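K.L.:
I'd like to ask some things about the structure below.
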Amino acid sequence: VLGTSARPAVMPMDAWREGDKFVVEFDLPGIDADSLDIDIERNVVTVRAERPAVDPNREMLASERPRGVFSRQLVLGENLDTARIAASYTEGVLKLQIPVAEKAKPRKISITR
Amino acid sequence: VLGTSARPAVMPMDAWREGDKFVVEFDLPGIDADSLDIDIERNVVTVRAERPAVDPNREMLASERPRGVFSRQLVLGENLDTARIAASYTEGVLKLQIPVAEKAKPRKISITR
Amino acid sequence: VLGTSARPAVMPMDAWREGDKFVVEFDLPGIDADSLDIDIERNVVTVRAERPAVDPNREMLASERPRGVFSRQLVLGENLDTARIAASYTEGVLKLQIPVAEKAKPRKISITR
Amino acid sequence: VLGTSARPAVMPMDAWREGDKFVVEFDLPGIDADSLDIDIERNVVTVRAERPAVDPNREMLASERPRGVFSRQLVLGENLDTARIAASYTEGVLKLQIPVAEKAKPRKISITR
Amino acid sequence: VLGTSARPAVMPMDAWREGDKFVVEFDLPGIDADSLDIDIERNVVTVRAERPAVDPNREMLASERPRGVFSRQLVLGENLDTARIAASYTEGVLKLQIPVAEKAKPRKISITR
Amino acid sequence: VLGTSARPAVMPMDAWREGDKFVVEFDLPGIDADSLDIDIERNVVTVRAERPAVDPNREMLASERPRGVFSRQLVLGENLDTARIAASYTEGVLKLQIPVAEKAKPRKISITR
Amino acid sequence: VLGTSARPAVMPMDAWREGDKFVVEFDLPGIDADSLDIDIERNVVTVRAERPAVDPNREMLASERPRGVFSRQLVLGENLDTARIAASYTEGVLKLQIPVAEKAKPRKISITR
Amino acid sequence: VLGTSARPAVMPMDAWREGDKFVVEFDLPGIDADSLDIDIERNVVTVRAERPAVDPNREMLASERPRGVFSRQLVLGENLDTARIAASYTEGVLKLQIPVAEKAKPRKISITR
Amino acid sequence: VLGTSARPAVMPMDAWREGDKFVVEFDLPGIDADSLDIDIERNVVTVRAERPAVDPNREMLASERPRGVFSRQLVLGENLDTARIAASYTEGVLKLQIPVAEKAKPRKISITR
Amino acid sequence: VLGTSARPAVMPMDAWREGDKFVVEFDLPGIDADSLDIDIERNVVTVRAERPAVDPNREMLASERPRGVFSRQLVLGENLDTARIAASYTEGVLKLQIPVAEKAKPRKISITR
Amino acid sequence: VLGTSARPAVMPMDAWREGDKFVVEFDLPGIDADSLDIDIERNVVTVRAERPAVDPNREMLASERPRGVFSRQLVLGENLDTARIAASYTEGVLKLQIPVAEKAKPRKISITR
Amino acid sequence: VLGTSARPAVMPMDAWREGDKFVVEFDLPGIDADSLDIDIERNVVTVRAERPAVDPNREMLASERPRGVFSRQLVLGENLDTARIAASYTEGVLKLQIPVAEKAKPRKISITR
Amino acid sequence: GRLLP
Amino acid sequence: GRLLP
Amino acid sequence: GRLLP
Amino acid sequence: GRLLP
Amino acid sequence: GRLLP
Amino acid sequence: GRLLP
Amino acid sequence: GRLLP
Amino acid sequence: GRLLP
Amino acid sequence: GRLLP
Amino acid sequence: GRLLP
Amino acid sequence: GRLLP
Amino acid sequence: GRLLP
Ligand SMILES: [Cl-]
Ligand SMILES: [Cl-]
Ligand SMILES: [Cl-]
Ligand SMILES: [Cl-]
Ligand SMILES: [Cl-]
Ligand SMILES: [Cl-]
Ligand SMILES: [Cl-]
Ligand SMILES: [Cl-]
Ligand SMILES: [Cl-]
Ligand SMILES: [Cl-]
Ligand SMILES: [Cl-]
Ligand SMILES: [Cl-]
Ligand SMILES: [Cl-]
Ligand SMILES: [Cl-]
Ligand SMILES: [Cl-]
Ligand SMILES: [Cl-]
Ligand SMILES: [Cl-]
Ligand SMILES: [Cl-]
Ligand SMILES: [Cl-]
Ligand SMILES: [Cl-]
Ligand SMILES: [Cl-]
Ligand SMILES: [Cl-]
Ligand SMILES: [Cl-]
Ligand SMILES: [Cl-]
Ligand SMILES: [Cl-]
Ligand SMILES: [Cl-]
Ligand SMILES: [Cl-]
Ligand SMILES: [Cl-]
Ligand SMILES: [Cl-]
Ligand SMILES: [Cl-]
Ligand SMILES: [Cl-]
Ligand SMILES: [Cl-]
Ligand SMILES: [Cl-]
Ligand SMILES: [Cl-]
Ligand SMILES: [Cl-]
Ligand SMILES: [Cl-]
Ligand SMILES: [Cl-]
Ligand SMILES: [Cl-]
Ligand SMILES: [Cl-]
Ligand SMILES: [Cl-]
Ligand SMILES: [Cl-]
Ligand SMILES: [Cl-]
Ligand code: NA
Ligand code: NA
Ligand code: NA
Ligand code: NA
Ligand code: NA
Ligand code: NA
Ligand code: NA
Ligand code: NA
Ligand code: NA
Ligand code: NA
Ligand code: NA
Ligand code: NA
Ligand code: NA
Ligand code: NA
Ligand code: NA
Ligand code: NA
Ligand code: NA
Ligand code: NA
Ligand code: NA
Ligand code: NA
Ligand code: NA
Ligand code: NA
Ligand code: NA
Ligand code: NA
């Protein structure tokens, strides 16, 4: 598996709401911080990472770990204060924390029967 | 994906010879060190890790990351000094380093044509 | 089939424009109205329903009907007056009616040959 | 999906014994009662429904819901009083209730070891 | 593989006519006789067995053997004297022996060419 | 494809009601009439045919046509006068004609809404 | 299955050499002779048949038999006297018999070792 | 392959950033310009084309080329000046050129380690 | 998808007879005429095209369009005047027109019944 | 399914540690004890069984049960006293019991962080 | 894998033009030269080989290598001097060398734009 | 197919016991002897071969034959005198002959019933 | 004309 | 409550 | 010895 | 009546 | 905490 | 207008 | 040049 | 009796 | 060096 | 109780 | 002649 | 550096 910009490798995600924060965690083991990039653009968060390809002159006996470009885009709802995103990378897990900023007097749709 | 002892989750592996050492690396993100266990028994190295299941009372919006028991067994050749294995865990990568201890006067099989 | 928040069961949809209204219908048989929730957030409509799991102490001879959490999200275009959504549930069909509110002087892209 | 008499669309079924009654429920959303037909013939119950095809002149933006002929046949055991079947259709669920009429002095097969 | 009443595990079957008897054999290893049930109802024989699930507190290193509810139904022809069924269980094989009771003056359909 | 008694080759079927007769046609090309057998037993019609295997000493350049035992069983409804079945074989098509004998005062199940 | 000119239905074929004749047989049950066409063009034999579609106003209970256009093309070797092809249709089998006309002094390729 | 409004045929896409322009190209061979429609609505560009079905009275010997409705929707980022889209169609390729209009003082998310 | 000489990319084809001409059309969008080559050799027409690979230094965000070598070979019947082939390329469609030159007194094979 | 020496049929296995014993159980119904062979060679246990093929002159109506050669090889760890293996066969289950003989002062690999 | 005349085993092929010769190589290991046959008939080369089946009385522990009849047919272009084919078999590779004999004044098809 | 050290191409194997010798044969056509390497290490035999990739400047018309690194490892039983392995390569078949050296007084496991 | 699929 | 699967 | 598949 | 597939 | 699948 | 599939 | 896959 | 597969 | 795939 | 999968 | 599959 | 796949 070698991810490219046009066909990125995907990384698995857990996402959950923790009270007033929305949290997303990605398994992104073995990434150098120079690679990690988090782009925010209105409601959309894009995570991009790279793991370099193995030296072509190196004979691997096993080479199962995914390499190249990783990318995933999250479309967040309007109540997420994307501007206040906090990001951390530890133990090979990229964790994003976005505050939830509920609008006042939210719509509640009733269903007719 | 929930790995059990009888059907463990598998983790990807790179393995290569680096001069006088054999190196194996596993992607094992987000493991607490209390979980990691490396058992050596003659020539066989077994790696076992656990990532706890999510609290059943927690509503996940995405839960793609593999959880439960991870396990992989490596059958190493006789020239690997398994007794002198060195193991490290950083950035979510479990790295094993086994010294290579070549026997004297190794057999070289010739092929008749 | 048991849908969860993180892996919802999906329900089939018909959608069509009827003059000045956009209509969406979902097959959602056997849902108690207490379960149905329709969330609107800017242009996105999210439909959520639940059908309870069968009593574990009940021996079913056939249990093919999907149960648990159903969810589907619709991304609507800007001309849809989502604020004026009307929703009804009858004969096991959830019907949504959204007025279409065309903007003035819409862009018409010409193609060069 | 367009079901025909020769290749009917199938509808999911739950079936269970409730004391002295056998109950079967079908998800059959959005069926006009004029369509529903339940034929009983000795021990076999056949359920037939139709959902009309969409007007060919109607441009659907999504048309995932199954249409055409639905049919399923149930072969019931001898203890089911098929003559006394009760059928109801509500919330898009077709429910059948057949009284169970156990024969006297039923056979109990013993197994030799 | 865990069979339930609504989705039973299936067991393989050999069936053959031996002169005046019809014989069916099932591979049903490791069943306690308290579990085995053979129900006959007119022409239909139903075989039901259960193999208990493994103690959840037991860590299995391999657990490939199918467990839970096994069930298979045989629809027998009219010439089978189902009332005189004989059943035995040995070496993990459930064997059924049904006498064949041919009707007098059987129909022989001729084909026109 | 070589059909056996235990795994018969199947032949395609058209079946339809023609007023007071039920008609079934099978594609069974290249069958010698000595092979064709039609067994009727209460409501069940069983069609059995054989096409001999190719002489093992014959080198075929193509041998795509199915050979061996063909068999299909039809479970007919109670209104079919199976005793009065008529069968013909022409142009490689086996045609069955069964008179329909409707019972008096048939049940018509009404559905409650 | 409905074959068209652009996507013909295919029919199974046996082909073999019988001394001085090459024989091909096709399973083509239920074809009216008005439909069958055999075109020969240099070394290529094309077989074309049609089985009419079922009357759209006829409700079939089973309609498994392939209908529409059947076609298969055979590329024959130079020794086949295609001009002297003989064709017969019986019992739903289309049989072609082409005389084999070996050229004088045929090439025999020897292989160097 | 016949695309409809509800199940459009898809056309392959290349997309890339060329300095201050974002370019998208679609393979859309054999489209009459009367068919091509490009709709822009906020950040979303929708491309719609039609290739007429073949005259039903025309016997095609091969008809592999996709026909009917083609449609693809692109969700563009906020920095794309969709209002200034330029579109051209030549050599069967639909090319879109959207100017990139970067916002001032863009957010750069830093990751904690 | 990158086609090579040994594993060419394939392009879809429509082919039909138009009175005295046989017409073949290929979807071949975005080909430079310098690439297109049509080779005729007795009855066989071979179409070869190339679409250059993307500059390796160009980061594509999507690169779905097939590139490299395209090739398809048509085996034409003897009545096709391949020497008089006419070829045109417009709107990304390669169109071939071959006159049909029927031989005198063609064979008409009769089938015995 | 007919297992051979070169492609043995496989039998399902449960394996678990029970204090000071390692236990393996195989579903091997309907095996004559003359067939069962257990070979031990250093750390490897090989289980071999045979179930005879059905008499070719016997017409089976169903023959689903696997027949022929069954074989499975277990590679046991060094702490298993293979020499003291105990084997029993009852109710169609082959049970192996191997005492666990832990070595003194076992290695415990520590992982650096 | 056991190849027969009617379903031959296939062998992989490399083919390339080397100046004035066309070369084809087949992987055909372990063939006795008595088996190899190369038939040429106008433009078509047919390669046929046989590898005998294993003695039925021999118990193989692995028998993965393909056996029986191998066959592949090549349709060569008119410029190939098939009469002057040269064939050699060494190291388990069957190599064919066919001289290329270009016709004078070859057609070059021009494409209109 | 291009085999690498980390994902070797596999070659098919026959293996059998011939009295006092164990024989393994590999289909390895077209290998230069400089490539073949047989490594023995305790009980494990590893076979490694390479077939060079085709010159990138060579246009192949077919290139189906597998190239690159081939590798297969055999785990042999204790009775195999691996030190006395004999290897030969002819007709594209690599043949290994290992003497069988049975231990004295071998264990024979009896099974309790 | 009843038949069991 | 018998039913044939 | 009839049985329904 | 726009909707995103 | 809304997110689009 | 003959063509080989 | 942002685009949503 | 030659035929092309 | 023509060959038919 | 070690075993190789 | 033992070998591990 | 030997390892069994
Ligand atoms: Cl990936
Ligand atoms: Cl919480
Ligand atoms: Cl690395
Ligand atoms: Cl896994
Ligand atoms: Cl190095
Ligand atoms: Cl966690
Ligand atoms: Cl870390
Ligand atoms: Cl679902
Ligand atoms: Cl309307
Ligand atoms: Cl319910
Ligand atoms: Cl209702
Ligand atoms: Cl359906
Ligand atoms: Cl109850
Ligand atoms: Cl409707
Ligand atoms: Cl099962
Ligand atoms: Cl007998
Ligand atoms: Cl148990
Ligand atoms: Cl069949
Ligand atoms: Cl009629
Ligand atoms: Cl025949
Ligand atoms: Cl077909
Ligand atoms: Cl003969
Ligand atoms: Cl007909
Ligand atoms: Cl006839
Ligand atoms: Cl498409
Ligand atoms: Cl650039
Ligand atoms: Cl057109
Ligand atoms: Cl392609
Ligand atoms: Cl015309
Ligand atoms: Cl381009
Ligand atoms: Cl153009
Ligand atoms: Cl098996
Ligand atoms: Cl215990
Ligand atoms: Cl037996
Ligand atoms: Cl027993
Ligand atoms: Cl093959
Ligand atoms: Cl060259
Ligand atoms: Cl051999
Ligand atoms: Cl391979
Ligand atoms: Cl021998
Ligand atoms: Cl080579
Ligand atoms: Cl050689
Ligand atoms: Na949540
Ligand atoms: Na998203
Ligand atoms: Na290495
Ligand atoms: Na290993
Ligand atoms: Na619409
Ligand atoms: Na949507
Ligand atoms: Na029940
Ligand atoms: Na039933
Ligand atoms: Na029998
Ligand atoms: Na049955
Ligand atoms: Na009918
Ligand atoms: Na039936
Ligand atoms: Na022949
Ligand atoms: Na042919
Ligand atoms: Na780009
Ligand atoms: Na998009
Ligand atoms: Na035509
Ligand atoms: Na062709
Ligand atoms: Na255990
Ligand atoms: Na093992
Ligand atoms: Na070439
Ligand atoms: Na060819
Ligand atoms: Na052997
Ligand atoms: Na092995």
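In the structure tokens, chains take letters A, B, ... by order of appearance, with residues numbered from 1 within each chain and ligands from 1 in the order shown.
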Compute the set of protein, DNA and RNA residues whose minimum atom distance to ligand 50 is at most 8 Å, using only C-alpha atoms and all ligand atoms, and state it as a PyMOL selection string.

P.N.:
(chain D and resi 44+73-76) or (chain N and resi 3-5)

K.L.:
Using the selection just defined, write its residues with N, CA, C and O atoms as a PDB file, in the first residue's frame.

P.N.:
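To be explicit, this is the file written out as result.pdb:
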```pdb
ATOM      1  N   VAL D  44     -50.065 -23.593   3.636  1.00  0.00           N
ATOM      2  CA  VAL D  44     -49.159 -22.631   3.025  1.00  0.00           C
ATOM      3  C   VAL D  44     -49.853 -21.280   2.997  1.00  0.00           C
ATOM      4  O   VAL D  44     -50.992 -21.171   2.533  1.00  0.00           O
ATOM      5  N   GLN D  73     -43.813 -16.893   0.448  1.00  0.00           N
ATOM      6  CA  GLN D  73     -44.655 -18.024   0.816  1.00  0.00           C
ATOM      7  C   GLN D  73     -44.135 -18.665   2.088  1.00  0.00           C
ATOM      8  O   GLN D  73     -42.930 -18.897   2.218  1.00  0.00           O
ATOM      9  N   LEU D  74     -45.034 -18.918   3.034  1.00  0.00           N
ATOM     10  CA  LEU D  74     -44.674 -19.593   4.278  1.00  0.00           C
ATOM     11  C   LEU D  74     -45.314 -20.964   4.295  1.00  0.00           C
ATOM     12  O   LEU D  74     -46.532 -21.086   4.114  1.00  0.00           O
ATOM     13  N   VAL D  75     -44.505 -21.980   4.553  1.00  0.00           N
ATOM     14  CA  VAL D  75     -44.991 -23.338   4.764  1.00  0.00           C
ATOM     15  C   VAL D  75     -45.092 -23.550   6.268  1.00  0.00           C
ATOM     16  O   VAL D  75     -44.077 -23.608   6.976  1.00  0.00           O
ATOM     17  N   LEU D  76     -46.325 -23.641   6.748  1.00  0.00           N
ATOM     18  CA  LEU D  76     -46.633 -23.750   8.160  1.00  0.00           C
ATOM     19  C   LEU D  76     -46.811 -25.204   8.561  1.00  0.00           C
ATOM     20  O   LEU D  76     -47.177 -26.054   7.744  1.00  0.00           O
TER      21      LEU D  76
ATOM     22  N   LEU N   3     -42.694 -23.536  11.309  1.00  0.00           N
ATOM     23  CA  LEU N   3     -42.563 -22.889  10.008  1.00  0.00           C
ATOM     24  C   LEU N   3     -41.379 -23.500   9.264  1.00  0.00           C
ATOM     25  O   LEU N   3     -40.372 -23.839   9.890  1.00  0.00           O
ATOM     26  N   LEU N   4     -41.508 -23.682   7.940  1.00  0.00           N
ATOM     27  CA  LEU N   4     -40.404 -24.213   7.125  1.00  0.00           C
ATOM     28  C   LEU N   4     -39.490 -23.078   6.656  1.00  0.00           C
ATOM     29  O   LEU N   4     -39.972 -22.153   5.992  1.00  0.00           O
ATOM     30  N   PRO N   5     -38.194 -23.053   7.039  1.00  0.00           N
ATOM     31  CA  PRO N   5     -37.250 -22.119   6.408  1.00  0.00           C
ATOM     32  C   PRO N   5     -37.076 -22.333   4.910  1.00  0.00           C
ATOM     33  O   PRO N   5     -36.860 -21.344   4.208  1.00  0.00           O
TER      34      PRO N   5
END
```

K.L.:
Using only C-alpha atoms and all ligand atoms, determine which residues fall within 6 Å of ligand 53, then list them as JSON, numbers by chain.

P.N.:
{"F": [16, 17], "G": [59, 60, 61]}

K.L.:
Rounded to one decimal place, report the CA of residue 46 (chain J)-CA of residue 10 (chain J) distance in Å.

P.N.:
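If I compute the distance from CA of residue 46 (chain J) to CA of residue 10 (chain J), I get 12.0 Å.
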
K.L.:
Could you list, as an MDAnalysis selection string, all protein and nucleic acid residues with an atom at most 8 Å from ligand 21, counting only C-alpha atoms and all ligand atoms?

P.N.:
chainID G and resid 1:3 8:11 66 70

K.L.:
Counting only C-alpha atoms and all ligand atoms, what residues are within 12 Å of ligand 26, given as number ranges by chain?

P.N.:
H: 16-23; I: 55-60

K.L.:
Hey, what does DSSP flag as strand (DSSP E) within region 18-78 of chain F? Can you give it to me as an NGL selection string?

P.N.:
:F and (18 or 21-27 or 37-41 or 44-51 or 60-63 or 67-76)

K.L.:
Write out the residues from the selection above, keeping N, CA and C atoms, as a compact mmCIF listing (two decimals), in the first residue's frame.

P.N.:
```txt
# COMPACT_ATOMS: atom_id res chain seq x y z
N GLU F 18 -52.54 -21.03 -17.44
CA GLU F 18 -53.23 -20.80 -18.71
C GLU F 18 -54.68 -21.17 -18.48
N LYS F 21 -55.48 -24.57 -16.69
CA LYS F 21 -54.34 -25.47 -16.68
C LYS F 21 -53.12 -24.72 -16.17
N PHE F 22 -52.28 -25.42 -15.43
CA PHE F 22 -50.97 -24.91 -15.06
C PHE F 22 -49.93 -25.59 -15.95
N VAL F 23 -49.06 -24.80 -16.56
CA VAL F 23 -48.10 -25.35 -17.51
C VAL F 23 -46.69 -25.06 -17.02
N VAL F 24 -45.83 -26.07 -17.12
CA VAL F 24 -44.41 -25.95 -16.79
C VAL F 24 -43.64 -26.48 -17.99
N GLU F 25 -42.61 -25.74 -18.42
CA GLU F 25 -41.74 -26.21 -19.49
C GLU F 25 -40.28 -26.21 -19.05
N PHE F 26 -39.56 -27.28 -19.39
CA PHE F 26 -38.16 -27.42 -19.02
C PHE F 26 -37.32 -27.49 -20.29
N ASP F 27 -36.20 -26.77 -20.32
CA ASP F 27 -35.20 -27.00 -21.37
C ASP F 27 -34.41 -28.25 -21.01
N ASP F 37 -38.02 -39.48 -16.56
CA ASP F 37 -38.95 -40.05 -15.60
C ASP F 37 -39.65 -38.91 -14.88
N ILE F 38 -40.97 -39.00 -14.78
CA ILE F 38 -41.75 -38.02 -14.05
C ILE F 38 -42.47 -38.76 -12.94
N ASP F 39 -42.13 -38.44 -11.70
CA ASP F 39 -42.74 -39.06 -10.53
C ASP F 39 -43.67 -38.05 -9.88
N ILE F 40 -44.90 -38.47 -9.59
CA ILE F 40 -45.87 -37.65 -8.87
C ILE F 40 -46.17 -38.33 -7.55
N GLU F 41 -46.22 -37.55 -6.48
CA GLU F 41 -46.42 -38.11 -5.14
C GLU F 41 -47.16 -37.04 -4.36
N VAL F 44 -46.40 -33.16 -5.19
CA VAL F 44 -45.03 -32.89 -5.60
C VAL F 44 -44.77 -33.62 -6.90
N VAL F 45 -44.30 -32.90 -7.91
CA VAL F 45 -43.85 -33.50 -9.15
C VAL F 45 -42.33 -33.42 -9.19
N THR F 46 -41.69 -34.55 -9.51
CA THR F 46 -40.25 -34.65 -9.62
C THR F 46 -39.91 -35.05 -11.05
N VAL F 47 -39.04 -34.28 -11.69
CA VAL F 47 -38.62 -34.56 -13.05
C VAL F 47 -37.19 -35.03 -12.99
N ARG F 48 -36.91 -36.15 -13.64
CA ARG F 48 -35.57 -36.72 -13.61
C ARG F 48 -35.18 -37.08 -15.03
N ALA F 49 -33.98 -36.68 -15.43
CA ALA F 49 -33.50 -37.04 -16.76
C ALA F 49 -32.03 -37.37 -16.66
N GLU F 50 -31.55 -38.11 -17.63
CA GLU F 50 -30.13 -38.34 -17.70
C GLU F 50 -29.62 -38.16 -19.12
N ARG F 51 -28.47 -37.52 -19.21
CA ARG F 51 -27.70 -37.42 -20.42
C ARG F 51 -26.38 -38.13 -20.18
N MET F 60 -12.61 -34.87 -26.72
CA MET F 60 -13.47 -33.76 -27.10
C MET F 60 -12.57 -32.51 -27.28
N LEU F 61 -12.82 -31.70 -28.30
CA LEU F 61 -12.21 -30.38 -28.36
C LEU F 61 -13.00 -29.32 -27.58
N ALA F 62 -14.31 -29.47 -27.44
CA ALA F 62 -15.09 -28.65 -26.53
C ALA F 62 -16.12 -29.56 -25.90
N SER F 63 -16.37 -29.40 -24.60
CA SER F 63 -17.41 -30.27 -24.01
C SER F 63 -18.15 -29.46 -22.94
N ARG F 67 -23.93 -32.70 -18.56
CA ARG F 67 -24.20 -34.12 -18.68
C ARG F 67 -24.47 -34.72 -17.31
N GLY F 68 -24.99 -35.95 -17.32
CA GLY F 68 -25.26 -36.70 -16.11
C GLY F 68 -26.71 -36.62 -15.72
N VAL F 69 -26.98 -36.53 -14.41
CA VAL F 69 -28.33 -36.60 -13.87
C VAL F 69 -28.89 -35.19 -13.75
N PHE F 70 -30.07 -34.96 -14.32
CA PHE F 70 -30.83 -33.74 -14.11
C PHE F 70 -32.04 -34.05 -13.25
N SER F 71 -32.38 -33.13 -12.35
CA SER F 71 -33.52 -33.37 -11.48
C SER F 71 -34.07 -32.05 -10.99
N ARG F 72 -35.39 -31.94 -10.95
CA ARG F 72 -35.97 -30.77 -10.31
C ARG F 72 -37.29 -31.21 -9.69
N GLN F 73 -37.62 -30.71 -8.51
CA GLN F 73 -38.86 -31.05 -7.83
C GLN F 73 -39.75 -29.82 -7.73
N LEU F 74 -41.02 -29.97 -8.09
CA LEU F 74 -41.99 -28.89 -7.98
C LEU F 74 -42.99 -29.24 -6.90
N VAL F 75 -43.19 -28.32 -5.97
CA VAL F 75 -44.24 -28.43 -4.97
C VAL F 75 -45.43 -27.62 -5.46
N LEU F 76 -46.49 -28.33 -5.82
CA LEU F 76 -47.68 -27.76 -6.40
C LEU F 76 -48.73 -27.50 -5.34
```

K.L.:
So that I can check the surroundings of residue 85 (chain L), please list as an MDAnalysis selection string every protein, DNA and RNA residue that reaches within 9 Å of it, counting only C-alpha atoms and ignoring chain neighbours fewer than 3 positions away.

P.N.:
(chainID B and resid 109) or (chainID L and resid 40 81:82 96:99)

K.L.:
Would you put the residues from that selection into a file with N, CA and C atoms, as an mmCIF file, in the first residue's frame?

P.N.:
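Wrote again.cif, looks like this:
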```cif
data_model
loop_
_atom_site.group_PDB
_atom_site.id
_atom_site.type_symbol
_atom_site.label_atom_id
_atom_site.label_comp_id
_atom_site.auth_asym_id
_atom_site.auth_seq_id
_atom_site.Cartn_x
_atom_site.Cartn_y
_atom_site.Cartn_z
ATOM 1 N N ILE B 109 24.778 -25.059 -0.349
ATOM 2 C CA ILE B 109 24.276 -26.150 -1.172
ATOM 3 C C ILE B 109 24.569 -25.846 -2.631
ATOM 4 N N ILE L 40 19.883 -23.983 3.877
ATOM 5 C CA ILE L 40 19.401 -24.929 4.874
ATOM 6 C C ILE L 40 19.804 -24.405 6.244
ATOM 7 N N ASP L 81 17.348 -35.803 7.058
ATOM 8 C CA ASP L 81 18.774 -35.489 7.153
ATOM 9 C C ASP L 81 19.075 -34.313 6.222
ATOM 10 N N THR L 82 18.663 -33.120 6.664
ATOM 11 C CA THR L 82 18.802 -31.933 5.824
ATOM 12 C C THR L 82 20.248 -31.687 5.427
ATOM 13 N N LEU L 96 14.827 -31.434 -5.187
ATOM 14 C CA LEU L 96 15.560 -31.628 -3.943
ATOM 15 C C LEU L 96 15.347 -33.047 -3.454
ATOM 16 N N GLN L 97 16.420 -33.691 -3.008
ATOM 17 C CA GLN L 97 16.338 -35.038 -2.462
ATOM 18 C C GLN L 97 16.957 -35.037 -1.074
ATOM 19 N N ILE L 98 16.154 -35.316 -0.048
ATOM 20 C CA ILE L 98 16.617 -35.317 1.335
ATOM 21 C C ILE L 98 16.490 -36.731 1.887
ATOM 22 N N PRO L 99 17.568 -37.338 2.383
ATOM 23 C CA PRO L 99 17.448 -38.679 2.968
ATOM 24 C C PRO L 99 16.603 -38.638 4.219
#
```

K.L.:
Write as an MDAnalysis selection string the residues around ligand 3, taking 8 Å as the cut-off and counting only C-alpha atoms and all ligand atoms.

P.N.:
chainID A and resid 30 51:52 54

K.L.:
So what do you get for CA of residue 83 (chain H) versus CA of residue 95 (chain H), distance-wise?

P.N.:
15.8 Å

K.L.:
Could you write out as a ChimeraX atom specification the residues of chain K within 9 Å of chain F, counting only C-alpha atoms?

P.N.:
/K:4-7
